[PDB]
Each structure stands twice: as C-alpha cells, then as structure tokens.
Amino acid sequence: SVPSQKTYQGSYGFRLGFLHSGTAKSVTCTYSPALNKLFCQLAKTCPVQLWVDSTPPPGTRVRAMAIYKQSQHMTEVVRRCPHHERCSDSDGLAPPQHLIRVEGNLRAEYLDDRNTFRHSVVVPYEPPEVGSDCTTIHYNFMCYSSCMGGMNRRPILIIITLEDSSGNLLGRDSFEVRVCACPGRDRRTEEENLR
C-alpha cells in the first residue's frame with residue numbers, strides 16, 4: 001500500500017512552516033514555496049516549523065515518513081542506499097537504514113512498520129515555548145537523492161503527520177525534498193525551470 005499525502009489541517013489547524021534561508025551557494029538548507037520543495041545538504045540540520053491554531057492534547061505526536069513521489073515507485077520503501085546503511089554514522093537512536101532522522105531529541109522513536117516495512121521517526125508534539133509562536137523540529141536526511149541503489153535520482157516527498165497517542169490522524173502536510181551538494185544553486189535552477 002501507499003501512505004496518504006493529502007493535506008489536512010484538521011481540528012487544530014496544523015500546517016508546516018519553513019525559514020527563509022535564501023539561495024546563496026553556501027546555503028545548507030533552503031525551501032522553495034513555489035515548488036513546495038526543500039533542498040538540503042547531506043545530514044545537515046533542516047528546521048521544519050509546526051504551526052497550529054490551537055494546542056492539541058497532551059500525548060499528541062509528530063511523525064515523518066518519506067515516499068517516492070512518482071506513482072510507479074510509490075510502493076517501494078524509501079531507505080538509505082547500500083553504502084550509507086553501512087557507514088556506521090548512527091547517532092545511537094536511528095537505525096542505520098532510516099533516511100530521516102530527528103536531531104537533538106532524546107524522545108525520538110524510530111519505527112520499522114511490521115506490515116508495510118516503511119520507516120518513520122516520531123516525536124512528542126511540544127507546544128511553543130514562551131515568546132514563541134511555533135515549534136521547530138530539526139530533521140536530517142541521510143542519503144543524497146542521487147545515491148545509487150537507494151533513491152537513485154528518484155524524487156521523494158516527506159509526509160508529516162500530527163497524530164493522537166494511538167497514532168490516529170489529526171493533521172497532515174508534506175513537502176518534496178532533494179538532498180544534494182548545492183541546495184542554493186539547485187533551488188535557483190529548478191525555480192527558473194518552473195518559470
């Protein structure tokens with residue numbers, strides 16, 4: 001089967017937000033609203049904001065999962081390539097096979113789905129701190145889009161789900177991601193091509 005990607009704000013008005021990082025050659029992570037696509041370097045910090053209109057219940061969680069964007073590849077589990085899964089760059093929590101990691105959250109849990117074999121990483125939703133209007137999760141993406149035997153140049157979508165304590169859907173949003181050497185240039189290029 002295939003995870004839903006339908007945008008759904010739900011009862012709490014859940015949606016993502018992204019910083020405005022620009023397209024300088026030196027940028028390590030940058031988001032294109034026109035393409036709904038994040039461009040980032042390998043394993044670098046990718047801040048993703050969570051916005052809500054009202055605070056969901058204690059025990060609410062936030063899950064991230066990757067799927068292939070093209071329909072003909074969508075049933076294939078997105079995973080790290082045969083090189084990266086064996087490079088012993090584990091942070092002690094994330095399984096070496098998982099593309100998506102959460103950085104700096106000791107409560108992050110990594111799931112290998114017993115039925116679909118898909119990977120995901122889930123954290124507790126924390127309401128914004130004092131003087132803050134949103135909550136930010138720092139993600140790392142642990143393979144290049146180009147990795148042979150892995151993503152193999154195929155585009156992927158990251159699905160972020162707000163879920164209750166049982167894992168039921170409360171909200172959903174998504175963005176494409178490209179992991180590449182020069183996110184600034186690739187964003188500029190793809191946006192030009194779009195135009």
# chains A, B, ... in the order shown; residues from 1 in each chain; ligands from 1
>>> residues_around(residues="region 146-162 of chain A", least_positions_apart="4", cutoff="8 Å", atoms="only C-alpha atoms", output="ChimeraX atom specification")
/A:5,14,60-70,78-82,169-178,180
>>> residues_around(residues="region 124-138 of chain A", least_positions_apart="5", cutoff="12 Å", atoms="only C-alpha atoms", output="count of residues only")
47
>>> closest_residue(among="A:183, A:192, A:145, A:77", to="residue 39 (chain A)", atoms="only C-alpha atoms")
A:183
>>> atom_distance(atom1="CA of residue 140 (chain A)", atom2="CA of residue 99 (chain A)")
8.1 Å
>>> select_by_dssp(residues="region 19-181 of chain A", states="strand (DSSP E or B)", output="PyMOL selection string")
chain A and resi 29-32+37-40+46-51+61-68+100-102+109-112+119-124+135-141+156-163+169-179
>>> closest_residue(among="A:112, A:35, A:30, A:21", to="residue 182 (chain A)", atoms="only C-alpha atoms")
A:30
>>> residues_around(residues="residue 194 (chain A)", least_positions_apart="3", cutoff="10 Å", atoms="only C-alpha atoms", output="number ranges by chain")
A: 34-35, 188-191
>>> write_last_selection(atoms="N, CA, C and O atoms", output="short mmCIF file (atom, residue, chain, number, x, y, z; two decimals), in the first residue's frame")
data_model
loop_
_atom_site.label_atom_id
_atom_site.label_comp_id
_atom_site.auth_asym_id
_atom_site.auth_seq_id
_atom_site.Cartn_x
_atom_site.Cartn_y
_atom_site.Cartn_z
N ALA A 34 7.43 27.97 -4.14
CA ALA A 34 6.86 27.81 -5.47
C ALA A 34 6.83 26.35 -5.90
O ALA A 34 5.90 25.93 -6.60
N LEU A 35 7.83 25.59 -5.46
CA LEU A 35 7.95 24.17 -5.77
C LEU A 35 7.46 23.25 -4.64
O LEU A 35 7.37 22.03 -4.83
N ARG A 188 17.63 27.57 -7.21
CA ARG A 188 17.60 28.61 -8.24
C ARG A 188 17.30 28.03 -9.63
O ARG A 188 16.47 28.55 -10.36
N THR A 189 17.99 26.95 -9.97
CA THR A 189 17.78 26.26 -11.24
C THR A 189 16.35 25.75 -11.41
O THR A 189 15.71 26.01 -12.43
N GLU A 190 15.85 25.00 -10.43
CA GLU A 190 14.51 24.44 -10.55
C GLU A 190 13.45 25.52 -10.58
O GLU A 190 12.44 25.37 -11.28
N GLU A 191 13.65 26.60 -9.84
CA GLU A 191 12.67 27.67 -9.84
C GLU A 191 12.67 28.35 -11.21
O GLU A 191 11.63 28.72 -11.73
#
>>> atom_distance(atom1="CA of residue 179 (chain A)", atom2="CA of residue 42 (chain A)")
6.0 Å
>>> closest_residue(among="A:185, A:84, A:195, A:118", to="residue 23 (chain A)", atoms="only C-alpha atoms")
A:185
>>> select_by_dssp(residues="region 30-135 of chain A", states="helix (DSSP H, G or I)", output="ChimeraX atom specification")
/A:71-73,84-86
>>> write_last_selection(atoms="N, CA and C atoms", output="PDB file, in the first residue's frame")
ATOM      1  N   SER A  71       4.283   7.781  -9.000  1.00  0.00           N
ATOM      2  CA  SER A  71       3.334   6.696  -8.728  1.00  0.00           C
ATOM      3  C   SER A  71       3.904   5.301  -8.989  1.00  0.00           C
ATOM      4  N   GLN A  72       4.702   5.181 -10.032  1.00  0.00           N
ATOM      5  CA  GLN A  72       5.272   3.892 -10.385  1.00  0.00           C
ATOM      6  C   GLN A  72       6.311   3.397  -9.372  1.00  0.00           C
ATOM      7  N   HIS A  73       6.761   4.274  -8.470  1.00  0.00           N
ATOM      8  CA  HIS A  73       7.717   3.873  -7.429  1.00  0.00           C
ATOM      9  C   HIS A  73       7.128   3.924  -6.025  1.00  0.00           C
ATOM     10  N   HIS A  84      25.386   3.906   2.393  1.00  0.00           N
ATOM     11  CA  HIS A  84      25.139   4.695   3.598  1.00  0.00           C
ATOM     12  C   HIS A  84      24.583   3.870   4.760  1.00  0.00           C
ATOM     13  N   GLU A  85      23.828   2.824   4.450  1.00  0.00           N
ATOM     14  CA  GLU A  85      23.317   1.992   5.524  1.00  0.00           C
ATOM     15  C   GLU A  85      24.447   1.275   6.278  1.00  0.00           C
ATOM     16  N   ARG A  86      25.612   1.179   5.652  1.00  0.00           N
ATOM     17  CA  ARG A  86      26.754   0.501   6.265  1.00  0.00           C
ATOM     18  C   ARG A  86      27.908   1.425   6.697  1.00  0.00           C
TER      19      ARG A  86
END
